[PDB]
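Take a look at the structure tokens below, where one protein chain is shown in two forms, each on its own, as structure 1 and structure 2.
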Structure 1
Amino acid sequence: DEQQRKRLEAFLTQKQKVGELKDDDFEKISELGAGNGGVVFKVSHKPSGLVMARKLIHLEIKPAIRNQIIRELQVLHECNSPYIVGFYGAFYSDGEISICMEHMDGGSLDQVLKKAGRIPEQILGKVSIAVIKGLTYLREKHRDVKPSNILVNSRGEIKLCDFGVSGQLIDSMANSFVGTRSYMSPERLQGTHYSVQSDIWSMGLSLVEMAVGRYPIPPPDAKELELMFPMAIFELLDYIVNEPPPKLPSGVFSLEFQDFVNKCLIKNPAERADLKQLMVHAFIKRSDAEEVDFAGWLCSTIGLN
């Protein structure tokens, strides 16, 4: 796409001007989406004038380990796609790794979900297209999919944010903190290990969460649906592994959307749909030919002006 080629080359143009990144070059503007493994700040890169998002991972380790993490992250400089958050750079300074990224003014979809209550079907169609393309980019040029990892902006863009190219980095945060496992596929929880197929599962679950406005397991056996229209993490993960997958309620959502998530959420990974299959699924082909005002919906919902 041409508007997409123009924005990708504008990004790189701006990025070519920045040069090597250093702590003392950054001014704090605010804190964003803080929590998780590290805090995140909106920052100004004073020399260039660029606003950026900076993730800080407090870690105390050997100069070797950190020099390795920094080099493994350089990998992200070649990942240029409209569906992946722009990466400016990564460095270490005074006990903490920094990862600097394009500032997505819409934030992440967990935040948008909190504010909107639930995300409409037609918007989730756009989200689905972006995630599928994003995931198709990562496979064709070589993950953890959940609402907090999908960022959005006022230009209508939807992108994945991920720093798990390193691994060793993840290696060394385990003793410090560990990201939630409540989006992992039953076959990762049973140890079989990743395939792109486990990210389809996660995409499916995230979409149901955003549709209904709540983490969907366990099902809302209640009038909560009627209202709509406790489990410890270990009870939950058994539940994922042993019980049937969640689904959308009926009536409220189109059958095509129901079917799309059902196919992402099939427990057996061999039977669960693949990306080639999702790309041509009817929900997707229909969503692709709707012209949905995502920016307009987004700006209204979170109060961007």
Structure 2
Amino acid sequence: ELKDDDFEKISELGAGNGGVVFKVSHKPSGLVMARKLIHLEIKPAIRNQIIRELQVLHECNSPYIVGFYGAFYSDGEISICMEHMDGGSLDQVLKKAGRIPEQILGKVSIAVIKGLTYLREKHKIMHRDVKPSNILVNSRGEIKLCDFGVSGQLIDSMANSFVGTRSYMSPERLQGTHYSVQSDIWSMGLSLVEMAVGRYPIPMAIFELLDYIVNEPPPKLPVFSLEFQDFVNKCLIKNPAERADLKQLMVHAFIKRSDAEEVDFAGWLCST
């Protein structure tokens, strides 16, 4: 029940490849929500299938997944209306914070591996694009995941995804088609490491960045705590089967001392 005209544009939270979200007002309910607009050059049939498989998001309910209000089509634009996250993305936070704690990243990590196990064990789907620009947090202290693959057809229309300048892509997934869930870990790994070093931990046009990632060894860290090495790295193992699976890390030592401890996060964000 969300039509294009019951929407009033306020600003522009951000953009990217094919997408571009805005902060908008749903005129008829007064609610403030983020309106993603993917474009994609697709036909009516495939499109309707994308708009259809996107309804699954009404059953994607968890403190770790961004809230979703509706999805629909309008002028070559697939709209995905999700909750507004005033606190932006752990990417934006970065750009304005040089680097992030650990007592904190241990919290941003519980978010992620609890939101991944959710998507994997209640919707049988892997994220497939977990990274900072896709990890959002709110002023209320919450941390949630967004932009995950929920529409198989949307994942097929996004085939030309090896563009950009960075790449949270695991090695086995850059080599060919031998990959799945374990790939999300290398992603989260290459994230935690970047949210501890204020810059893409790797080490050059993308064709060369890719080749490098599969050839030489995975990043580590510069200076940094305990487990945040025996975790950031149990995440960067280039062999997918030797890397740690969610089950494991959900009991790993770094995680051990964290949901146990009591960091605020809220205030840190609110004042960072």
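Between two forms, the rigid core is the largest collection of C-alphas that superpose within 1.5 Å. The first residue in the sequence of structure 1 is number 1, and each one after it adds one.
No residue in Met279, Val51, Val241, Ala34 other than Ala34 shows a CA shift of 2 angstroms or more between structures 1 and 2 after fitting the rigid core.
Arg71 is not among the residues whose C-alpha shifts by 2 Å or more between structures 1 and 2 once the rigid core is aligned; its shift stays under 2 Å.
Core-aligned CA deviation for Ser172 between structures 1 and 2: 2 Å or greater. Residue displacement note: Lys114 has its CA displaced by under 2 Å between structures 1 and 2 (rigid core superposed). At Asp288, the distance the Cα travels between structures 1 and 2 is 1.2 Å after the core is superposed. If you overlay the core, the Cα of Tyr83 moves by 0.3 Å between structures 1 and 2.
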